[PDB]
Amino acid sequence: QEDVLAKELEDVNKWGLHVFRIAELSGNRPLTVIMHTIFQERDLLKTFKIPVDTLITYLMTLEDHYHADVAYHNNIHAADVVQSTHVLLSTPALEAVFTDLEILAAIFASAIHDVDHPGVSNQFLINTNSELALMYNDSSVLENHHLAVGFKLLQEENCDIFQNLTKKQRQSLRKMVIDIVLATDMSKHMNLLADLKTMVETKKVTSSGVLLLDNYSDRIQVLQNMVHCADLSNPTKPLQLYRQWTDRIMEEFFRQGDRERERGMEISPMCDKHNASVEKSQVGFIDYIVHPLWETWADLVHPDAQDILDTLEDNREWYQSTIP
């Protein structure tokens, strides 16, 4: 089985890697083997003196703290966002733009960006007076928790994969990781897209035809939208993968609606299993959220993302076709 897994891992540089098949072949360790594969591909172990046994130990511990009984926000989703971010980092319009520390931060942020997700939304945790909403004062409750867990696990035995970074380097990475994961809060999507459009309008390139980023504000803004695009990348994948992600998020939404109904609360959108329209929700999800975001990203890295945008529009056309 080790040979079959190594064959599938050869697609790690490709959009639409079959991450579910990799989860099978790796014994439900997609996050660990995909992160390890990416770290070798980018030669991140030698650059930052990361001991290989420290890396595997942390990745296994981080993967354990993703809930296996949550349908969508599990370790497969984490591995999917890591691998999608890895491909977006390699796009020609961004060649040699980001340093090795920014690359490490963006990939590490993707790996921890949903750790210990309980399968319910921020608003549910706020409305139900949960301990998490109490700890974090109703502000980016899940995203603050993911960061806290992801950093604390570095202190477990033989788990500090940043042990050989300089104190300056650790200081810069920690701030960049926090800025990125906090930007995955869906309540910040509109402001994140609005700033991304302003950058597309005022786009500037270098003499090598490569995106020019002068300052931390523009650089972290591109990294924020990149991980945000990978988080919202399910409808841009081949349909057989997209549909599996749709089935998983609808199961998670339906389970929250059952808890909302059992508590006497008003059911959140798309969460009532007795009056849900999966196809129309997917169409509205693409039209109002996913396509505006990816169309803007495609303008930023034009024409590198045209095939991804083509697949998204074909999938939107298909989900529409099932309605009549």
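Numbering starts at 1 and runs along the sequence shown. Superpose the two forms; the largest set of C-alphas matching within 1.5 Å is the rigid core.
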**Complete:** Core-fitted, the stretch whose Cα atoms sit farther from this form in 9 other deposited structures of this protein, 198-206 versus 113-121, is 198-206
**Fill in**
The stretch that moves more in 9 other deposited structures of this protein, judged by RMS C-alpha distance from this form after core superposition, 262-270 or 282-290, is 262-270
**Asked** Which has the higher mean CA temperature factor in the PDB entry, 151-159 or 79-87?
**Response** 151-159
**Message:** Regarding 122-130 and 175-183, which shows the higher C-alpha temperature factor on average in the entry?
**Reply:** 122-130
**Request:** Pick out which of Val200, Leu142, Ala71, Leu104 has the highest C-alpha B-factor in the PDB entry.
**Result:** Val200
**Item:** Candidate residues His65, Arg29, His274, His291, the one whose C-alpha B factor the record puts highest
**Value:** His274
**Third of chain Cα B-factors occupied by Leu312** = lowest
**Among modelled residues of the same chain, the CA temperature factor third for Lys204** = highest
**Prompt:** Comparing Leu196 with the other modelled residues of its chain, is its CA B-factor in the lowest, middle or highest third?
**Reply:** middle
**Item:** Third assignment of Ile220 from its chain's C-alpha B-factors
**Value:** middle
**Message:** Going by the CA temperature factor in the PDB record, which third of the chain does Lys167 belong to: lowest, middle or highest?
**Reply:** highest
